[PDB]
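What follows is one structure encoded as C-alpha cells, with my remarks underneath.
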Amino acid sequence: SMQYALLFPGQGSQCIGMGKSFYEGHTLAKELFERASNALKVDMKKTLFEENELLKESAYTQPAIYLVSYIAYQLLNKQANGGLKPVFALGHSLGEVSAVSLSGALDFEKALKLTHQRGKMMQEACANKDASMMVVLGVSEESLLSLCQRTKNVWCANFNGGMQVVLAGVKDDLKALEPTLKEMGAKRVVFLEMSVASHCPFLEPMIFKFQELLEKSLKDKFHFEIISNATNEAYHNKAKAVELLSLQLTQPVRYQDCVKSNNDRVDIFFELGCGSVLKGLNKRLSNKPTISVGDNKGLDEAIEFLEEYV
C-alpha cells in the first residue's frame, strides 16, 4: 500500500480562475472564500476569478495561492480514509508556509494574514531598488553560482532542477548578463513579472519583522514534517519553523535538492493547490507521479488513488 508526499506551490502558479472549480462544487470551499474575504478585508472571490490588477501584487498573490492550497487540502483530507497522513510536505518559497500551516502550526486566518504580510514586506523591502527575478534555462547550477559570486547585485534564488535557475537582483544588472549567459549556453532568459528580489540580501531588512510575526502566529502542532527550502532538512516544531521560514527569505530555494534527498521515501506526490508548476519541475527530477489537485477533477483523481492504493 503506497505512500505519499504533499507539494505546495509558490509564486508563478496563481491564475485567473484559481479556485473557481472548488468554490462551485463544494460548500466548504465557498465558506473558506468568505472567511478569507473577511480576514483580508478584500473580496477574494473577485480577486481570484475575474481580471483585477490586485492579484498581481505579492501581497495578494501569496495569500491567494495559500487559499487554494488550503481548500485543496481540506476537500481531499475530508475524503481520505482517516485523513491525509503524508510522509512529508515540500513547498516552493511561499509554499513552505502553506505546508507548515496545513501541518497544524498555523490557523486559516492567521496564515492568510501572515502570507499577505510576507508579500507586503517583500514589496516594501524591494521598493525603489528596481528589483527583479530572471529565469535562466540550460546553464549549470555551479556555473551560475560562481557567475553571481563574481558579479555585483545578482544572486541565485531558485534551484528548480532540469537546469532551471532563477536569479534575483537589480534589473539592469541582470538584464546585462545576457551576452555572457548566452555564451554559457542559456537557451532561454525570461524576466519574472514583479519588482521584488526574494531569496537574496534584498530581503535582509524584513527578516526581523517576519520572525516577530512567526513567533506570534505559530502554534506548536505538526501532523507531518516539512522540508526546508533553505537547508534541505526536515523539521516539525515552532522554534525550527520560526528559524527556517525566516532564513528561507534570504537563501536560495533549493527545490531540486529537496526533491532528490526525499524522492526515495514515497511512491507519489500530491500537488495541493492551483497549477502544475511543481508537477512540471518533477518531470526533470523524479519518475514518481504527481497528481495535481487544483480542480474538482484533480480532487477526484487523488481520492481514487487513495481508495485503491491506500
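When the sequence shown is numbered by the entry's author numbering, its final residue is 309 and no position is left out of the sequence of numbers. A virtual CB, placed ideally from N, CA and C, is assigned to each residue, including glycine.
Top-ranked residue by Cα proximity to residue i, from the options
i: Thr289; options: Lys278, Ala58, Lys296, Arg283; result: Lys278
i: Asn152; options: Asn159, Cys199, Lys112, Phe190; result: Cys199
i: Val195; options: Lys119, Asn231, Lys220; result: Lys119
i: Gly94; options: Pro178, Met162, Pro8; result: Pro8
i: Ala98; options: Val265, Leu244, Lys296; result: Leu244
i: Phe304; options: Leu75, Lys128, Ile206, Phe48; result: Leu75
i: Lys296; options: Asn51, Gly90, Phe21; result: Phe21
i: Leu5; options: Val292, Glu140, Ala35; result: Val292
i: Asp256; options: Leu53, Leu89, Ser36, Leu173; result: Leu89
i: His235; options: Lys287, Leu202, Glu141, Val96; result: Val96
i: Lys84; options: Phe207, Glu50, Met1, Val241; result: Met1
Inter-residue spacing [alpha-carbon to alpha-carbon] between residue i and residue j
i: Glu108; j: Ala38; result: 6 Å
i: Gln210; j: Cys147; result: 27 Å
i: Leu217; j: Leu105; result: 5 Å
i: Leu213; j: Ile267; result: 31 Å
i: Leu176; j: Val67; result: 36 Å
i: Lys237; j: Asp219; result: 5 Å
i: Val276; j: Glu232; result: 22 Å
Identified DSSP bridge partners for residue i
i: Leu89; result: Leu6, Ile226
i: residue 310; result: The chain is shown from 0 up to 309; residue 310 falls before or after that span and cannot be answered.
i: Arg187; result: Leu136
i: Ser131; result: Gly168
i: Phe268; result: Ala4, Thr289
i: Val252; result: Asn157
Backbone secondary structure at residue i - three-state DSSP
i: residue 313; result: Outside the displayed range of the chain (0 to 309) lies residue 313, so it cannot be described from this structure.
i: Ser194; result: coil
i: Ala38; result: helix
i: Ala233; result: strand
i: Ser216; result: helix
inquiry  = Between the region 96-116 and the region 132-144, can you find at least three pairs of beta-carbon atoms closer than 8 Å?
reply    = no
message = Using 8 Å as the cut-off, can you tell me whether the region 214-230 makes contact with the region 163-174, which would need three or more C-beta pairs spanning the two stretches below that distance?
response = no
task = Kindly confirm or deny that the region 78-86 and the region 28-44 touch, where touching means at least three C-beta pairs closer than 8 Å.
result = no
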